[PDB]
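Participant: Take this structure, written in structure tokens, and hold onto it; I'll ask about it next.
Because the Cβ atoms are built from the backbone with ideal geometry, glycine has one as well, and the counts that use them run over all protein chains shown. Values quoted throughout were computed directly from the atomic coordinates according to the rules given, and no laboratory measurement underlies them.
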Amino acid sequence: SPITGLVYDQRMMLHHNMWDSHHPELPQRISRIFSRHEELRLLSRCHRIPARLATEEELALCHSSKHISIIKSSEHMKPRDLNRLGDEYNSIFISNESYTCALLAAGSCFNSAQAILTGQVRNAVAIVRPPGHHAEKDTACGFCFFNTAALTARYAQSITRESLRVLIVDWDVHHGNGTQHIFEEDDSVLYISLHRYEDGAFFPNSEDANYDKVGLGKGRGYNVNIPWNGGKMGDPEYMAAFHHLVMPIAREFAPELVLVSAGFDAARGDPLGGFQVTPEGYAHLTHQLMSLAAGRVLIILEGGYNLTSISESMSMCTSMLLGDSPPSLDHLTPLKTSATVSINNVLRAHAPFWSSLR
Ligand SMILES: O=C(NO)c1ccc(CC(=O)N(CCO)c2ccccc2)cc1
Ligand SMILES: [K+]
Ligand SMILES: [K+]
Ligand SMILES: [Zn+2]
């Protein structure tokens, strides 16, 4: 079924910051990504998957009733009360349409996972906002209300079987604290994150993101953090992390579905990330993941704030999903010594759990 699905809905643009029309998490992130897909004739090659609202019962797969009800209630708030509610969270703005856009983003991803798991398509891309991976069971954080990726893994298990093996690869420049916590005790969902860490000083500013956090109880080994220290990283570092860590661990895990928390704020041009991963870089990461899970890959937009960088990067990913050949990747410099230390720290930490690690 060599078809690639694409899901996008303009209604997700309604979510906005009422006090700063220029806030980085712009409604125009998704519309510019979508337009580039059109221009490059990628959209027309895809099977268009309908967006939908997630239900409250689906939200409850990962989130508490209290958290759901609080975010639901913002739908009817006056502007000053929205400001106050948003200030109760770390790095959140809320509008009357926020709840609905968050529901659309999750339901769009559920329909995509269903299309893949029932064989209607091989793989899919979801152009959605607001993002999800900083969201926790009981709280909103870092522009995220509900954890779209976490929900989707659980949704997928719910329409297949409880023990469906799901891999979540999170290449957003920030650590997905919410995703790690939701599955920390879980051995059916393998969470792998690459992220700027700087010894805990980079958002979300927690030692939860370090390499030594390997999972808990039966989930021991099923949480893989690859923290970057010492400034700018690029294609050389990310390709080396995939070669030595991500792809060997993923092959041993043998996932049946791969979800990508695909933020593009590690891209060159992005002020919030400060890294230099190129669009060709992201193409190669995507292409490697396609060798897993009989090709069952869902790419889900997280962060990424340079409108041109994210449009070109995510388009490049969809092109790989569609079966185009990978672009030339420039002379991969020897790694920064810092990156080498990071990769060796993860290798040492995970040697007890993954026999295939050399
Ligand atoms: O999802 C994200 N990036 O993909 C993301 C999540 C959270 C942030 C916040 C964040 O990182 N910062 C600090 C920037 O140096 C911040 C800025 C202004 C006000 C409050 C905090 C930035 C990005
Ligand atoms: K990440
Ligand atoms: K896990
Ligand atoms: Zn991010």
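Participant: Over 25 Å apart: what share of the alpha carbon pairs of region 180-302 falls there, rounded to a whole percent?
Facilitator: Details: 1630 of 7503 pairs.
Of all Cα-Cα pairs in region 180-302, 22 percent lie more than 25 Å apart.
Participant: Give me the number: length gained by fully extending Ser69 to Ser291, i.e. 0.36 nm times residue separation minus the C-alpha to C-alpha distance, one decimal in nm. Before the final figure, lay out the partial values.
Facilitator: Numbers: separation 222, 0.36 × 222 = 79.92 nm, distance 4.03 nm.
Going from the current span to full extension adds 75.9 nm.
Participant: Let's test the formula: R0 of 51 Å, r as the Cβ-Cβ distance of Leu332 and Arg84. What FRET efficiency results, to the nearest 0.05?
Facilitator: On the way: r = 49 Å, r/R0 = 0.97.
The pair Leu332/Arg84 has a calculated efficiency of 0.55.
Participant: Follow-up question, since we're still on this one. For the residues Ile249, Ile33, what sequence is obtained by ranking on other C-beta atoms within 10 Å, fewest first? Spell out each step's value before the answer.
Facilitator: Details: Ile249 21, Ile33 25.
Fewest-to-most Cβ neighbours within 10 Å comes out as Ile249, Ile33.
Participant: Would you check the chain for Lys pairs whose C-alpha atoms are within less than 20 Å, ignoring same-chain pairs closer than 8 in sequence, and give me the count?
Facilitator: Details: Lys66/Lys137; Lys72/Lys137; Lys137/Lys213; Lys137/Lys218; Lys232/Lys336.
Eligible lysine pairs with Cα atoms under 20 Å apart amount to 5.
Participant: Calculate log10 I(q)/I(0) of region 1-134 for q = 0.09, 0.20 Å⁻¹, where I(q) comes from the Debye formula with a single equal point scatterer on each Cα and nothing for solvent.
Facilitator: Evaluating at q = 0.09, 0.20 Å⁻¹ gives log10 I(q)/I(0) of -0.30, -1.19.
Participant: In whole angstrom, how far apart do the alpha carbon centroids of region 55-74 and region 324-338 sit?
Facilitator: When both Cα centres are located, 42 Å separates them.
Participant: Rounded to the nearest 500, what is the chain's calculated 222 nm mean residue ellipticity when only DSSP H runs of at least 4 contribute -39500 (n - 2.57) each, over all residues?
Facilitator: Details: 12 runs with 125 residues, N = 358.
Mean residue ellipticity, 222 nm, calculated: -10500 deg cm²/dmol.
Participant: Rounded if a/c is under 1.5, else prolate if a/b beats b/c, else oblate: with a ≥ b ≥ c from the C-alpha gyration tensor eigenvalues square-rooted, which is region 6-60? Let's see the in-between values first.
Facilitator: Working: a/c = 3.52, a/b = 1.12, b/c = 3.15.
Taking the square roots of the gyration eigenvalues as a ≥ b ≥ c, region 6-60 is oblate.
Participant: Still on this structure: How big is the charge dipole of region 250-358 about its Cα centre, in debye rounded to the nearest 20, if each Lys and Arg gets +1 on its Cβ and each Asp and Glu gets -1 on its Cβ? Display every interim value, and only then the final one.
Facilitator: On the way: 6 positive and 9 negative charges, 88 e Å.
That gives a dipole near 420 debye.
Participant: Sort 201-207, 325-331, 285-291 by packing, meaning the average of other beta carbons within 10 Å per residue, with the highest value first. Could the numbers behind the result be given before it?
Facilitator: Values: 201-207: 14.9, 325-331: 11.1, 285-291: 20.7.
Descending mean neighbour count gives 285-291, 201-207, 325-331.
Participant: Tell me, in nm to one decimal, what length is gained between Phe353 and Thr340 on full extension, where the rule is 0.36 nm per residue of separation less the Cα-Cα distance? Walk me through the numbers before you get to the answer.
Facilitator: Details: separation 13, 0.36 × 13 = 4.68 nm, distance 2.06 nm.
Computed gain between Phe353 and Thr340 is 2.6 nm.
Participant: Here's another thing I want to ask about it. Placing +1 at every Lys and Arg Cβ and -1 at every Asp and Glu Cβ, with all other atoms neutral, what dipole size does the chain have around its Cα centre, in debye to the nearest 20? Intermediate results must be reported in sequence, preceding the final value.
Facilitator: Numbers: 30 positive and 38 negative charges, 135 e Å.
Result for the chain is approximately 660 debye, rounded to the nearest 20.
Participant: Same structure again: Only bridges whose two residues both fall in the chain count here: according to DSSP, what percent of them are antiparallel, nearest 5?
Facilitator: Working: 1 of 35 bridges.
Here the share of antiparallel DSSP bridges comes out near 5 percent.
Participant: How many angstrom lie between the Cα centre of region 1-48 and the Cα centre of region 220-268?
Facilitator: That distance is 25 Å.
Participant: Continuing with this model, one more query. At a threshold of 8 angstrom on Cα-Cα distance, excluding pairs fewer than six apart, so keeping six or more, what relative contact order does the chain reach in percent? Working shown, then result.
Facilitator: Details: 800 pairs, mean separation 65.5, N = 358.
Once divided by the residue count of the chain, the mean separation gives 18 percent.
Participant: May I pose another question? Report the percentage of all Cα-Cα pairs in the chain whose separation exceeds 40 Å, rounded to a whole percent.
Facilitator: Numbers: 3687 of 63903 pairs.
Roughly 6 percent, once rounded to a whole number.
Participant: Can you tell me how region 221-358 classifies by the Cα gyration tensor, rounded, prolate or oblate, using a/c under 1.5 as the rounded cut?
Facilitator: Values: a/c = 1.73, a/b = 1.15, b/c = 1.50.
Note, shape of region 221-358 comes out oblate.
Participant: Then there's this: Can you compute the label reach from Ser163? Point 7 Å from Cα along the Cβ direction, backbone N cut-off under 14 Å, restricted to region 178-199.
Facilitator: Answer for region 178-199: 187-189.
Participant: In square nanometres, what is the average projected area of the Cα convex hull of region 132-236? Numbers along the way, then the final one.
Facilitator: Values: hull surface 27.8 nm².
Result: a mean projected hull area of 6.9 nm².
Participant: Volume per residue, Å³, of the convex hull around the alpha-carbon atoms of region 39-95? Provide the component values of the computation, followed by the final result.
Facilitator: Numbers: hull volume 9.7 nm³, N = 57.
Measuring per residue, one finds 170 Å³ for the Cα hull of region 39-95.
Participant: Another one. Pairs of alpha-carbon atoms within less than 8 angstrom and 6+ residues apart define the contacts here; what relative contact order does region 214-291 have, in percent?
Facilitator: Values: 54 pairs, mean separation 22.9, N = 78.
This gives 29 percent for region 214-291.
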